[PDB]
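In the entry's author numbering, the protein residues as written are 992 to 1035. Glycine residues also receive a C-beta, built at the ideal position from the N, C-alpha and C atoms.
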DNA sequence: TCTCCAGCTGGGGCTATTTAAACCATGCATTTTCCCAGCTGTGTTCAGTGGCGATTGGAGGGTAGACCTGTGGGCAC
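In structure tokens, the structure reads:
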């Protein structure tokens, strides 16, 4: 959960693009919602 | 004869050379200093997260109530 802060929104956006997350979530670009979604996707 | 004048007849001041001394003017060139700009470092603030605490929800256990079955007693043939 920690290194997900160092993701520093922009690289987390690129990671969500890499996993295949739909563009709406990426579009929101939440600093907290984005990291929760990428933690969920890395759990999936 | 004496005075004046007027030309002219032989006489003095330019030029050329070397040298040192101390001096000057007129933009020029160089060196120094001051100022401004940029880059780096440190400090502060903000916000993420960690972490912990509290509240809510779910599950399990216990107690209470109700229903069903069994036994006993009373009554009737």
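Residue 1027 lies in the alpha helix (DSSP H); which residues open and close that run? Residue 1027 -> alpha helix (DSSP H) spans 1024-1034.
Could you give the distance in angstroms between the alpha-carbon of residue 1010 and the alpha-carbon of residue 1032? Separation of residue 1010 and residue 1032 (C-alpha to C-alpha, rounded to the nearest whole angstrom) is 8 Å.
According to DSSP, is residue 1003 helix, strand or coil? In the structure shown, residue 1003 sits in a helix (DSSP, three-state: H, G or I).
Extent of the continuous alpha helix (DSSP H) to which residue 994 belongs: Here the alpha helix (DSSP H) through residue 994 covers 994-997.
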